[PDB]
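> Sequence unavailable; structure follows:
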């Protein structure tokens, strides 16, 4: 067919019941994740084409960047809890990969402060059990699919996107093929 199992996507041999509808994993240390988010805008373009009612989840992972990697998973939890993902995603990516000015948990906190989150509110969230349960959700979801690389996208805990089987000569055309493929998988 046009969309072949084992070509533009693969099927999980062990489907994950109760998984989010569209689930993306990334790391702020991940160079291809920087491309996906900062240059290609994959998440946003997948969104604009998802059928009505289908929600998108994006989680950070621990297996890159050591201690600071784990701090970023907790920071991403804070972002989700405060609903400020769209305010901190760019300066966190640029802080880790462009300026290389993020070297500690305090440097991460500075990004939120600069983005207008009050220090007391960031600190309260950072230490909150609501944030600890969000960190757990991120770890569990990665574990549910035995995740060992990013970027990665899963649909209905059944299907994993396979972008390596795609032409990347034109960035726009690649992004829309990626998005149209998620839409297809969503309708399966």
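Structure received. Residues are numbered from 1 along each chain as shown.
> ranges for the helices of this protein?
Using DSSP state H, the helices of the chain run over residues 31-34, 42-47, 66-82, 85-93, 105-114, 119-126, 129-144, 171-187.
> For residue 15, find the nearest of those helices.
Between residue 15 and the helices of the chain, the tightest spacing by C-beta to C-beta is seen for helix 129-144, at 9.9 Å. For the C-beta atoms, the positions are set from N, CA and C on the backbone; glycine is no exception.
> what comes into contact with the closest one?
16, 19-20, 23, 25, 57, 59-62, 73-74, 76-78, 80-81, 125, 157 (C-beta atoms under 8 Å, 6 or more residues apart in numbering).
> Report the distance from it to the chain centre.
What separates the centre of helix 129-144 from the centre of its chain is 13 Å, taken as C-alpha atoms, centre = their mean, to the nearest Å.
> cool, stretch 144-157 as well?
Between the mean C-alpha position of stretch 144-157 and that of its chain there is a distance of 10 Å (C-alpha atoms, centre = their mean).
> From one end of it to the other, what's the distance?
9 Å (C-alpha to C-alpha, to the nearest Å).
> Which positions within it qualify as buried?
144-145, 147, 150-157 (16 or more other C-beta atoms under 10 Å).
> So which of those belong to strands?
If you go by DSSP state E, the buried residues of stretch 144-157 have 152-155 in strands.
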